[PDB]
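Undergrad: heads up, no residue letters with this:
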RNA sequence: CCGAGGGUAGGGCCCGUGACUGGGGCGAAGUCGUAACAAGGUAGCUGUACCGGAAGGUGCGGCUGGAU
RNA sequence: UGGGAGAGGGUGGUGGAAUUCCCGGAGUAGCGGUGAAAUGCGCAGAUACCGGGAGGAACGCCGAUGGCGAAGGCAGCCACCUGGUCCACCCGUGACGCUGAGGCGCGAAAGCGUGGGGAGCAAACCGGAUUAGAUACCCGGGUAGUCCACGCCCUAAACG
RNA sequence: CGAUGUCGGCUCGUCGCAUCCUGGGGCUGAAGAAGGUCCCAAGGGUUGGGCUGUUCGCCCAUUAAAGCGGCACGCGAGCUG
RNA sequence: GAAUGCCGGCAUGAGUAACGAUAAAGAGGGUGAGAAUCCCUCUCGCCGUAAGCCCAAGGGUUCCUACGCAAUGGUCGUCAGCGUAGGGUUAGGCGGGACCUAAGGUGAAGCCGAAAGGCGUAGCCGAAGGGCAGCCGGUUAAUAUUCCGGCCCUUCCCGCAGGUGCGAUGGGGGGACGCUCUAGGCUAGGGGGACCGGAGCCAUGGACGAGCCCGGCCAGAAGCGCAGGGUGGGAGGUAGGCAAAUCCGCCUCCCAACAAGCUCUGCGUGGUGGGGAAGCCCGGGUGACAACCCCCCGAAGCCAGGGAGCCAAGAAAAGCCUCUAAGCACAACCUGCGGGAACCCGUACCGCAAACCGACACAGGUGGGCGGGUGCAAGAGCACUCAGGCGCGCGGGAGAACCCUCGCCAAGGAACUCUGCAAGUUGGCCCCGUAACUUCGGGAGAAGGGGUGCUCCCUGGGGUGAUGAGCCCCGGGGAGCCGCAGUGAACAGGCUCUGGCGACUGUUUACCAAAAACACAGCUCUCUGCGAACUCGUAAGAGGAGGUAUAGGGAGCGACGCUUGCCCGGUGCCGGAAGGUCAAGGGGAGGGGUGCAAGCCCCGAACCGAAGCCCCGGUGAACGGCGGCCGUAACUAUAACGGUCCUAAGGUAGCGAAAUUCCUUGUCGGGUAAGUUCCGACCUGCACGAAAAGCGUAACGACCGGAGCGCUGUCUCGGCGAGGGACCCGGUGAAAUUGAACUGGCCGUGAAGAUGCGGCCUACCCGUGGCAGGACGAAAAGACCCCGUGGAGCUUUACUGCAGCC
RNA sequence: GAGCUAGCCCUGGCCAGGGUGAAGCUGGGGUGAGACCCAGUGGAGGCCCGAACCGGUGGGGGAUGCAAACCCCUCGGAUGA
Ligand SMILES: [K+]
Ligand SMILES: [Mg+2]
Ligand SMILES: [Mg+2]
Ligand SMILES: [Mg+2]
Ligand SMILES: [Mg+2]
Ligand SMILES: [Mg+2]
Ligand SMILES: [Mg+2]
Ligand SMILES: [Mg+2]
Ligand SMILES: [Mg+2]
Ligand SMILES: [Mg+2]
Ligand SMILES: [Mg+2]
Ligand SMILES: [Mg+2]
Ligand SMILES: [Mg+2]
Ligand SMILES: [Mg+2]
Ligand SMILES: [Mg+2]
Ligand SMILES: [Mg+2]
Ligand SMILES: [Mg+2]
Ligand SMILES: [Mg+2]
Ligand SMILES: [Mg+2]
Ligand SMILES: [Mg+2]
Ligand SMILES: [Mg+2]
Ligand SMILES: [Mg+2]
Ligand SMILES: [Mg+2]
Ligand SMILES: [Mg+2]
Ligand SMILES: [Mg+2]
Ligand SMILES: [Mg+2]
Ligand SMILES: [Mg+2]
Ligand SMILES: [Mg+2]
Ligand SMILES: [Mg+2]
Ligand SMILES: [Mg+2]
Ligand SMILES: [Mg+2]
Ligand SMILES: [Mg+2]
Ligand SMILES: [Mg+2]
Ligand SMILES: [Mg+2]
Ligand SMILES: [Mg+2]
Ligand SMILES: [Mg+2]
Ligand SMILES: [Mg+2]
Ligand SMILES: [Mg+2]
Ligand SMILES: [Mg+2]
Ligand SMILES: [Mg+2]
Ligand SMILES: [Mg+2]
Ligand SMILES: [Mg+2]
Ligand SMILES: [Mg+2]
Ligand SMILES: [Mg+2]
Ligand SMILES: [Mg+2]
Ligand SMILES: [Mg+2]
Ligand SMILES: [Mg+2]
Ligand SMILES: [Mg+2]
Ligand SMILES: [Mg+2]
Ligand SMILES: [Mg+2]
Ligand SMILES: [Mg+2]
Ligand SMILES: [Mg+2]
Ligand SMILES: [Mg+2]
Ligand SMILES: [Mg+2]
Ligand SMILES: [Mg+2]
Ligand SMILES: [Mg+2]
Ligand SMILES: [Mg+2]
Ligand SMILES: [Mg+2]
Ligand SMILES: [Mg+2]
Ligand SMILES: [Mg+2]
Ligand SMILES: [Mg+2]
Ligand SMILES: [Mg+2]
Ligand SMILES: [Mg+2]
Ligand SMILES: [Mg+2]
Ligand SMILES: [Mg+2]
Ligand SMILES: [Mg+2]
Ligand SMILES: [Mg+2]
Ligand SMILES: [Mg+2]
Ligand SMILES: [Mg+2]
Ligand SMILES: [Mg+2]
Ligand SMILES: [Mg+2]
Ligand SMILES: [Mg+2]
Ligand SMILES: [Mg+2]
Ligand SMILES: [Mg+2]
Ligand SMILES: [Mg+2]
Ligand SMILES: [Mg+2]
Ligand SMILES: [Mg+2]
Ligand SMILES: [Mg+2]
Ligand SMILES: [Mg+2]
Ligand SMILES: [Mg+2]
Ligand SMILES: [Mg+2]
Ligand SMILES: [Mg+2]
Ligand SMILES: [Mg+2]
Ligand SMILES: [Mg+2]
Ligand SMILES: [Mg+2]
Ligand SMILES: [Mg+2]
Ligand SMILES: [Mg+2]
Ligand SMILES: [Mg+2]
Ligand SMILES: [Mg+2]
Ligand SMILES: [Mg+2]
Ligand SMILES: [Mg+2]
Ligand SMILES: [Mg+2]
Ligand SMILES: [Mg+2]
Ligand SMILES: [Mg+2]
Ligand SMILES: [Mg+2]
Ligand SMILES: [Mg+2]
Ligand SMILES: [Mg+2]
Ligand SMILES: [Mg+2]
Ligand SMILES: [Mg+2]
Ligand SMILES: [Mg+2]
Ligand SMILES: [Mg+2]
Ligand SMILES: [Mg+2]
Ligand SMILES: [Mg+2]
Ligand SMILES: [Mg+2]
Ligand SMILES: [Mg+2]
Ligand SMILES: [Mg+2]
Ligand SMILES: [Mg+2]
Ligand SMILES: [Mg+2]
Ligand SMILES: [Mg+2]
Ligand SMILES: [Mg+2]
Ligand SMILES: [Mg+2]
Ligand SMILES: [Mg+2]
Ligand SMILES: [Mg+2]
Ligand SMILES: [Mg+2]
Ligand SMILES: [Mg+2]
Ligand SMILES: [Mg+2]
Ligand SMILES: [Mg+2]
Ligand SMILES: [Mg+2]
Ligand SMILES: [Mg+2]
Ligand SMILES: [Mg+2]
Ligand SMILES: [Mg+2]
Ligand SMILES: [Mg+2]
Ligand SMILES: [Mg+2]
Ligand SMILES: [Mg+2]
Ligand SMILES: [Mg+2]
Ligand SMILES: [Mg+2]
Ligand SMILES: [Mg+2]
Ligand SMILES: [Mg+2]
Ligand SMILES: [Mg+2]
Ligand SMILES: [Mg+2]
Ligand SMILES: [Mg+2]
Ligand SMILES: [Mg+2]
Ligand SMILES: [Mg+2]
Ligand SMILES: [Mg+2]
Ligand SMILES: [Mg+2]
Ligand SMILES: [Mg+2]
Ligand SMILES: [Mg+2]
Ligand SMILES: [Mg+2]
Ligand SMILES: [Mg+2]
Ligand SMILES: [Mg+2]
Ligand SMILES: [Mg+2]
Ligand SMILES: [Mg+2]
Ligand SMILES: [Mg+2]
Ligand SMILES: [Mg+2]
Ligand SMILES: [Mg+2]
Ligand SMILES: [Mg+2]
Ligand SMILES: [Mg+2]
Ligand SMILES: [Mg+2]
Ligand SMILES: [Mg+2]
Ligand SMILES: [Mg+2]
Ligand SMILES: [Mg+2]
Ligand SMILES: [Mg+2]
Ligand SMILES: [Mg+2]
Ligand SMILES: [Mg+2]
Ligand SMILES: [Mg+2]
Ligand SMILES: [Mg+2]
Ligand SMILES: [Mg+2]
Ligand SMILES: [Mg+2]
Ligand SMILES: [Mg+2]
Ligand SMILES: [Mg+2]
Ligand SMILES: [Mg+2]
Ligand SMILES: [Mg+2]
Ligand SMILES: [Mg+2]
Ligand SMILES: [Mg+2]
Ligand SMILES: [Mg+2]
Ligand SMILES: [Mg+2]
Ligand SMILES: [Mg+2]
Ligand SMILES: [Mg+2]
Ligand SMILES: [Mg+2]
Ligand SMILES: [Mg+2]
Ligand SMILES: [Mg+2]
Ligand SMILES: [Mg+2]
Ligand SMILES: [Mg+2]
Ligand SMILES: [Mg+2]
Ligand SMILES: [Mg+2]
Ligand SMILES: [Mg+2]
Ligand SMILES: [Mg+2]
Ligand SMILES: [Mg+2]
Ligand SMILES: [Mg+2]
Ligand SMILES: [Mg+2]
Ligand SMILES: [Mg+2]
Ligand SMILES: [Mg+2]
Ligand SMILES: [Mg+2]
Ligand SMILES: [Mg+2]
Ligand SMILES: [Mg+2]
Ligand SMILES: [Mg+2]
Ligand SMILES: [Mg+2]
Ligand SMILES: [Mg+2]
Ligand SMILES: [Mg+2]
Ligand SMILES: [Mg+2]
Ligand SMILES: [Mg+2]
Ligand SMILES: [Mg+2]
Ligand SMILES: [Mg+2]
Ligand SMILES: [Mg+2]
Ligand SMILES: [Mg+2]
Ligand SMILES: [Mg+2]
Ligand SMILES: [Mg+2]
Ligand SMILES: [Mg+2]
Ligand SMILES: [Mg+2]
Ligand SMILES: [Mg+2]
Ligand SMILES: [Mg+2]
Ligand SMILES: [Mg+2]
Ligand SMILES: [Mg+2]
Ligand SMILES: [Mg+2]
Ligand SMILES: [Mg+2]
Ligand SMILES: [Mg+2]
Ligand SMILES: [Mg+2]
Ligand SMILES: [Mg+2]
Ligand SMILES: [Mg+2]
Ligand SMILES: [Mg+2]
Ligand SMILES: [Mg+2]
Ligand SMILES: [Mg+2]
Ligand SMILES: [Mg+2]
Ligand SMILES: [Mg+2]
Ligand SMILES: [Mg+2]
Ligand SMILES: [Mg+2]
Ligand SMILES: [Mg+2]
Ligand SMILES: [Mg+2]
Ligand SMILES: [Mg+2]
Ligand SMILES: [Mg+2]
Ligand SMILES: [Mg+2]
Ligand SMILES: [Mg+2]
Ligand SMILES: [Mg+2]
Ligand SMILES: [Mg+2]
Ligand SMILES: [Mg+2]
Ligand SMILES: [Mg+2]
Ligand SMILES: [Mg+2]
Ligand SMILES: [Mg+2]
Ligand SMILES: [Mg+2]
Ligand SMILES: [Mg+2]
Ligand SMILES: [Mg+2]
Ligand SMILES: [Mg+2]
Ligand SMILES: [Mg+2]
Ligand SMILES: [Mg+2]
Ligand SMILES: [Mg+2]
Ligand SMILES: [Mg+2]
Ligand SMILES: [Mg+2]
Ligand SMILES: [Mg+2]
Ligand SMILES: [Mg+2]
Ligand SMILES: [Mg+2]
Ligand SMILES: [Mg+2]
Ligand SMILES: [Mg+2]
Ligand SMILES: [Mg+2]
Ligand SMILES: [Mg+2]
Ligand SMILES: [Mg+2]
Ligand SMILES: [Mg+2]
Ligand SMILES: [Mg+2]
Ligand SMILES: [Mg+2]
Ligand SMILES: [Mg+2]
Ligand SMILES: [Mg+2]
Ligand SMILES: [Mg+2]
Ligand SMILES: [Mg+2]
Ligand SMILES: [Mg+2]
Ligand SMILES: [Mg+2]
Ligand SMILES: [Mg+2]
Ligand SMILES: [Mg+2]
Ligand SMILES: [Mg+2]
Ligand SMILES: [Mg+2]
Ligand SMILES: [Mg+2]
Ligand SMILES: [Mg+2]
Ligand SMILES: [Mg+2]
Ligand SMILES: [Mg+2]
Ligand SMILES: [Mg+2]
Ligand SMILES: [Mg+2]
Ligand SMILES: [Mg+2]
């Protein structure tokens, strides 16, 4: 439930911050963090390949467990719920009865103290991980593997969820968070429930410097540049686009589809997204 | 105001020094060229 | 010391007046349509919303103070 | 104390009918629409028919001149939470009552904000027709909205 | 065109006279006073402000009068910009 | 003999400008051939959050001493960062290496690329980060945490004793972390003392004093004290920490818990060892058996890995501890003690600068620490001062114009001017008081005012101490005193009303533009299902992202409020399994060449045959576009209304002579005595209009308009004064420019603006200070314009290619 | 050639002093319970004033300069993009 400020500065007028009410532990599990190498959006050549990146807060990366079929049958206790700056969701600290400690992204409704488990025999309960074929149709799930053993790929962002629509052979029909209808393999794992921290979308950054903290450097409109720089550059005074609206590299950017024509995964998309 | 030559011994040796020249094909051509001209110094002198 | 009052500065209320602008009342025989009273020829009224030269129309919900 | 009837309210679930859409099949020259038509849709295979799926909304028969609520208003079914109310017994208190300027709360529809949702319907809008005109009535489309949550708005032929 | 800096202002003047004022005249449809028109005359004089970059013009308050032109539309190795 | 030729030499300008911050000098005595300039002394002035001191980088002998003065030094020079020569830099503990990792670099494995090469896991490298043992004083002309003295410590080797399951590149723990705020107790540092030590002083009217002046410490092992930091004990189970594990993790039980214990730091004390001023006398010596004490202030530093809050969620690796594995337990480790061993590089000096970066001994630039006292509310601000360091490497005169920097001004007070440009005014603190409007924060330091010093008296509270005295810190009330004036000097807002633009704090054209431009939170569209899209790359590989549609790319709009209409005919994009065209390929009706012939060989129609295009639809916060003429009302005028032509559709709401309006200073109104600007209106909008967003909007702005108040040298209109120059004298001595010059005015003439030609007029020869009208003055082979079948950036439905994509 | 400059990466460092006084918490009031109000405490912010430091607004000087971008006055930011 987002938190507001009083208008005691021009920026505090609109700034909203997460309430952090679900967080129960305010420092990371030392054995589960590693240094996150910052890039600035530079690649191994040294070249900016993603514009407008850099200068954000230092972060440590928390190792998240996107498999969970590592530990089939071994229950775990929800020990804590912590902040993770590398994703929109919160993460949950799990003390296994094994004695091993791991991190999962925290689904909505997970309570510290409850116990979770993973496998074909698991209760259809919030926080458990099963191969998609053993989840009843209509269940809202998250952290879905796109291929078996390959790792949880889909529905990881705060408040997202895919919903099982039905089964076909070895495959299950999921409705992704985008509204696409895909056939995901039944042996692919997934976790019951939707990802937590749904109010994430309602945050107002409030001022420029907030974006600077998140590593987001200022973004320049092509219309503001010169012809050497961008299809929309130049012109005396202001100027309409004066051609089909284009990216810095020439290709059009209002409607032009770019999914690869002959992609082999097309046999498994049932319906493109809507809205 | 701040001028352009801001001397630095480590910078100087890492950029123009002997080992920097030898590591790449252009740098070895520099040394070949400067030897052929008979330069008394193949490489900037830096007190290191 | 207090002190009529004079001065400087800032406020509140009222009055008159002002390019222009808003609708209102009225005015023997102007222009446009015909909304309402008959089921007034799309039953009417209605709070609201949007729209249209104009009366109005339409939507949503409501009332009969609606005819057959 | 004992009982009773009820669409009174709130929350969570969940059932079938229908419309639309999508997929498969079967099938051919029209369908639709009206006062009559036209726009529209259809040989790029529509309509009509069968099987399959997705989704939203409203709950047929029961249904009543019925019932409940202070009013607005409330109708599939199930469970939980909760208000009012009537009757019986004639047990307890002993006038503890009535009304009520202010105050506070509730308050159909439309409307507003932030998210969601969107099948059907449909202001605005577009087209077809009627007409002297037709910014209407009729027809084919169609966006808000209608639905959900939270928060506003506080109006009414809020009427007996 | 192997460069003659280009509007206006400021400062500093100097010349012309087709004279705005002041001096001298003739004619008058000159009673007087005031004026009109023309002739002679360049000695001196020819104000302060509002508006605009302005020159120019309009306007306010005066004045004997509030002249018009040349000097590389006088004058940036004098200033301004 | 000319090429703004090339190289050199030497002239002109000229004894001219200048001699590099306006912090400032004067005298005496030395030295020497020679002295404003070197040495010494006294007087004066300048810095003092430095213009003093200590590190680091860079510099590289510049350091110290002797002897020198040709050149260097903007003058001089006897002096010097200059010439010659000799000397000078000393470490187990400081810094770096024999330790560790960061980005990055490199890179056994592996991958990729015509070659050269590009990637790349481990590993290796890589520091101003982590880790690690030295403090104080003395000494040299010149080094010192390095030598010496005192007191401390570290590691390695060996030995002795005691103890233990010893043993690692492997497991684990720890190392190990942000921002703001902040407690307690200390220390550094500082103020005072009527207390302690000191050579001495009594002046010029007074003072022999509880007088003046000076100083009153630093380091220290173990113990001990104070303040902190870190830290549960035990047992049972165990399937996790890629073998093992008694460690760690997880579970259960008992005990302990604001503690304590244990451990580790800081501070104090501490055997002991050092230091020790003014003044005097010649760096020293004396003072001096120097004294070394009490109170207060007190850190941003220390305890430290302390505490609280917040979101943007804050390195690694080794040292170190623990666990075991091979192994080995005659070993090995751990603890105490002893002897021995302990290498390489730097160390001078400059270091906000005359030694570094700027061609210079250049008013510029250069990271870290210390940076004293008083007063002013505070402070690193300001003024003056300590320690310390300087007077800026040309001087002496004079007292013109004119320039710069500065002070003052009668009356007026913006009349100046494009503009109050500039300069006044205002100015700190305390108190009173404060409007429209508003997003309820604000606007606000609104505006406007009053107070401010010194002396006496009475008194409230706090810190330290003890509850008191003393010292210190906030106050309150009463009575007075002086001046023109009490933030008496220095530092320290002028204000208001009203428009345009942009919400705002930010960002920009290094070196003519700081803005209304860019950015910005926010809104919309679009693409992307993850080996994502997109980007860089031939590729491998990277970024995206160790992210997953509440996410990532692209685009436009630009807080917020109220809103964003109509057009899909053209272009773009999206959808469409029909049709039309459609290349290679398939096909092979039918021809052809050659051979005697089997054959060999060439051409080739129908028909099949993709994407693209055509075609059919959709689509505007996609590219874009959103009419003309004529008539009409009972005064007139104007047309709600009508007629007709055209369109894909004819501009909606809201704005409007506007950052847009040509005619234009539109017209009307306001403000002024007067208003081409301004504000408010009207609407025939040359040529607004809705995310190239429309209309508004509190707050904000070194933005751009208009007005008022205050106050002024801006002005009427100028005057005087100060200093630095200009001027004169001694010293040193440039520059662009320059065909040669014996270089006047007028009216003419001339390639059309003549010192140089003609005619006339004027004029003795040469300078110095001044002024700028001419020498079509200087500078730059016009940057505007044209020309060149000259060049370059940029565009597109110009041509033709290529990448990329299909 | 990134020892200037532009961005990013790693690792350190710096920002006198003064002012305003958000959330929260505590108490009091209020109520069926609440919202809420008041006081104190608190110490938020691309908050306010102002050195260091980073800048470069206006004017003057400078213009063969002290300087191939400097000097004086004045002015912007100064816990943050
Ligand atoms: K031109
Ligand atoms: Mg508020
Ligand atoms: Mg949370
Ligand atoms: Mg680790
Ligand atoms: Mg990376
Ligand atoms: Mg690399
Ligand atoms: Mg590289
Ligand atoms: Mg990019
Ligand atoms: Mg980038
Ligand atoms: Mg994320
Ligand atoms: Mg999170
Ligand atoms: Mg699959
Ligand atoms: Mg959130
Ligand atoms: Mg968002
Ligand atoms: Mg960040
Ligand atoms: Mg962004
Ligand atoms: Mg932008
Ligand atoms: Mg954008
Ligand atoms: Mg542009
Ligand atoms: Mg531009
Ligand atoms: Mg470029
Ligand atoms: Mg381009
Ligand atoms: Mg363009
Ligand atoms: Mg442009
Ligand atoms: Mg334009
Ligand atoms: Mg532009
Ligand atoms: Mg265009
Ligand atoms: Mg384009
Ligand atoms: Mg592409
Ligand atoms: Mg999809
Ligand atoms: Mg620079
Ligand atoms: Mg540098
Ligand atoms: Mg170096
Ligand atoms: Mg270095
Ligand atoms: Mg370097
Ligand atoms: Mg090298
Ligand atoms: Mg290199
Ligand atoms: Mg080679
Ligand atoms: Mg050489
Ligand atoms: Mg040699
Ligand atoms: Mg070389
Ligand atoms: Mg009086
Ligand atoms: Mg008539
Ligand atoms: Mg009438
Ligand atoms: Mg009628
Ligand atoms: Mg009708
Ligand atoms: Mg209308
Ligand atoms: Mg309608
Ligand atoms: Mg058909
Ligand atoms: Mg067919
Ligand atoms: Mg649906
Ligand atoms: Mg009874
Ligand atoms: Mg209501
Ligand atoms: Mg029609
Ligand atoms: Mg008709
Ligand atoms: Mg009724
Ligand atoms: Mg010319
Ligand atoms: Mg020339
Ligand atoms: Mg020239
Ligand atoms: Mg010219
Ligand atoms: Mg003048
Ligand atoms: Mg007369
Ligand atoms: Mg005259
Ligand atoms: Mg004029
Ligand atoms: Mg003219
Ligand atoms: Mg004019
Ligand atoms: Mg007269
Ligand atoms: Mg003239
Ligand atoms: Mg001329
Ligand atoms: Mg002319
Ligand atoms: Mg002309
Ligand atoms: Mg000039
Ligand atoms: Mg001029
Ligand atoms: Mg000239
Ligand atoms: Mg100009
Ligand atoms: Mg010749
Ligand atoms: Mg020559
Ligand atoms: Mg020459
Ligand atoms: Mg030449
Ligand atoms: Mg030459
Ligand atoms: Mg020569
Ligand atoms: Mg020679
Ligand atoms: Mg010479
Ligand atoms: Mg000479
Ligand atoms: Mg001369
Ligand atoms: Mg000179
Ligand atoms: Mg000079
Ligand atoms: Mg100075
Ligand atoms: Mg001074
Ligand atoms: Mg003297
Ligand atoms: Mg002297
Ligand atoms: Mg001598
Ligand atoms: Mg001398
Ligand atoms: Mg001499
Ligand atoms: Mg001297
Ligand atoms: Mg001396
Ligand atoms: Mg003397
Ligand atoms: Mg001081
Ligand atoms: Mg000499
Ligand atoms: Mg000599
Ligand atoms: Mg000499
Ligand atoms: Mg000699
Ligand atoms: Mg010399
Ligand atoms: Mg010099
Ligand atoms: Mg030495
Ligand atoms: Mg030693
Ligand atoms: Mg060795
Ligand atoms: Mg290493
Ligand atoms: Mg190649
Ligand atoms: Mg290296
Ligand atoms: Mg190393
Ligand atoms: Mg190191
Ligand atoms: Mg060391
Ligand atoms: Mg020590
Ligand atoms: Mg010696
Ligand atoms: Mg840690
Ligand atoms: Mg960590
Ligand atoms: Mg660190
Ligand atoms: Mg933070
Ligand atoms: Mg000490
Ligand atoms: Mg003190
Ligand atoms: Mg324990
Ligand atoms: Mg085990
Ligand atoms: Mg320590
Ligand atoms: Mg003695
Ligand atoms: Mg500090
Ligand atoms: Mg600080
Ligand atoms: Mg600490
Ligand atoms: Mg690492
Ligand atoms: Mg043995
Ligand atoms: Mg042991
Ligand atoms: Mg060695
Ligand atoms: Mg040394
Ligand atoms: Mg030094
Ligand atoms: Mg400096
Ligand atoms: Mg320094
Ligand atoms: Mg020096
Ligand atoms: Mg000098
Ligand atoms: Mg210097
Ligand atoms: Mg200090
Ligand atoms: Mg002192
Ligand atoms: Mg002060
Ligand atoms: Mg001096
Ligand atoms: Mg000097
Ligand atoms: Mg100085
Ligand atoms: Mg003189
Ligand atoms: Mg001065
Ligand atoms: Mg004065
Ligand atoms: Mg005086
Ligand atoms: Mg005066
Ligand atoms: Mg005045
Ligand atoms: Mg006045
Ligand atoms: Mg004025
Ligand atoms: Mg002005
Ligand atoms: Mg101006
Ligand atoms: Mg002043
Ligand atoms: Mg002041
Ligand atoms: Mg007012
Ligand atoms: Mg107010
Ligand atoms: Mg206002
Ligand atoms: Mg208010
Ligand atoms: Mg105040
Ligand atoms: Mg005041
Ligand atoms: Mg007083
Ligand atoms: Mg006094
Ligand atoms: Mg007096
Ligand atoms: Mg101020
Ligand atoms: Mg005002
Ligand atoms: Mg701007
Ligand atoms: Mg701005
Ligand atoms: Mg705007
Ligand atoms: Mg705004
Ligand atoms: Mg903005
Ligand atoms: Mg700022
Ligand atoms: Mg510039
Ligand atoms: Mg420029
Ligand atoms: Mg430049
Ligand atoms: Mg400038
Ligand atoms: Mg600015
Ligand atoms: Mg810009
Ligand atoms: Mg922008
Ligand atoms: Mg917006
Ligand atoms: Mg590429
Ligand atoms: Mg490529
Ligand atoms: Mg990655
Ligand atoms: Mg984006
Ligand atoms: Mg824009
Ligand atoms: Mg269109
Ligand atoms: Mg179309
Ligand atoms: Mg189209
Ligand atoms: Mg086109
Ligand atoms: Mg095709
Ligand atoms: Mg068009
Ligand atoms: Mg509209
Ligand atoms: Mg207008
Ligand atoms: Mg306008
Ligand atoms: Mg404009
Ligand atoms: Mg216009
Ligand atoms: Mg105009
Ligand atoms: Mg005009
Ligand atoms: Mg006018
Ligand atoms: Mg007027
Ligand atoms: Mg106006
Ligand atoms: Mg008009
Ligand atoms: Mg546009
Ligand atoms: Mg535009
Ligand atoms: Mg637009
Ligand atoms: Mg508003
Ligand atoms: Mg505004
Ligand atoms: Mg405003
Ligand atoms: Mg601004
Ligand atoms: Mg500004
Ligand atoms: Mg004014
Ligand atoms: Mg003057
Ligand atoms: Mg003077
Ligand atoms: Mg003389
Ligand atoms: Mg001389
Ligand atoms: Mg000389
Ligand atoms: Mg000659
Ligand atoms: Mg001659
Ligand atoms: Mg001559
Ligand atoms: Mg002459
Ligand atoms: Mg002629
Ligand atoms: Mg002539
Ligand atoms: Mg002559
Ligand atoms: Mg002649
Ligand atoms: Mg002749
Ligand atoms: Mg002659
Ligand atoms: Mg003459
Ligand atoms: Mg002379
Ligand atoms: Mg002269
Ligand atoms: Mg001249
Ligand atoms: Mg001149
Ligand atoms: Mg001339
Ligand atoms: Mg010439
Ligand atoms: Mg000339
Ligand atoms: Mg000239
Ligand atoms: Mg030039
Ligand atoms: Mg040339
Ligand atoms: Mg030329
Ligand atoms: Mg040129
Ligand atoms: Mg031309
Ligand atoms: Mg020609
Ligand atoms: Mg040609
Ligand atoms: Mg030609
Ligand atoms: Mg050409
Ligand atoms: Mg080219
Ligand atoms: Mg190619
Ligand atoms: Mg650099
Ligand atoms: Mg600061
Ligand atoms: Mg500060
Ligand atoms: Mg307070
Ligand atoms: Mg708190
Ligand atoms: Mg406080
Ligand atoms: Mg504030
Ligand atoms: Mg600030
Ligand atoms: Mg303030
Ligand atoms: Mg600067
Ligand atoms: Mg400046
Ligand atoms: Mg000024
Ligand atoms: Mg210059
Ligand atoms: Mg300066
Ligand atoms: Mg200054
Ligand atoms: Mg400030
Ligand atoms: Mg900070």
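TA: Happy to help now that I have it. Numbers count the residues shown, from 1 in each chain, chains lettered A, B, ... in the order given. Ligands and ions are numbered 1, 2, ... in the order given.

Undergrad: buried residues in stretch A:13-25?
TA: Within stretch A:13-25, the residues that count as buried by 16 or more other Cβ atoms under 10 Å in any protein chain shown are A:15, A:18, A:22. Every residue, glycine included, has its C-beta placed from N, CA and C.

Undergrad: wait, residue B:30 touches residue B:20, no?
TA: No - assessed by Cβ atoms under 8 Å, residue B:30 is found out of contact with residue B:20, at 9.8 Å.

Undergrad: of these two, give the one with the bigger neighbour count.
TA: Remark: of residue B:30 and residue B:20, residue B:30 carries more neighbours, 17 against 14, as counted by other Cβ atoms under 10 Å in any protein chain shown.

Undergrad: burial count for the closest residue to the more buried one other than its chain neighbours?
TA: Among residues not flanking residue B:30 along the chain, residue B:21 sits closest, at 5.4 Å (Cβ to Cβ, 6 or more residues apart in numbering or on different chains). For residue B:21, the neighbour count with other Cβ under 10 Å is 19.

Undergrad: now residue B:21: phi and psi?
TA: The phi/psi pair for residue B:21 (degrees, to the nearest 10) reads phi -60, psi -40.

Undergrad: could you tell me which residues make contact with it?
TA: Counting by Cβ atoms under 8 Å, 6 or more residues apart in numbering or on different chains, residue B:21 touches B:27-28, B:30-31, B:42-43.
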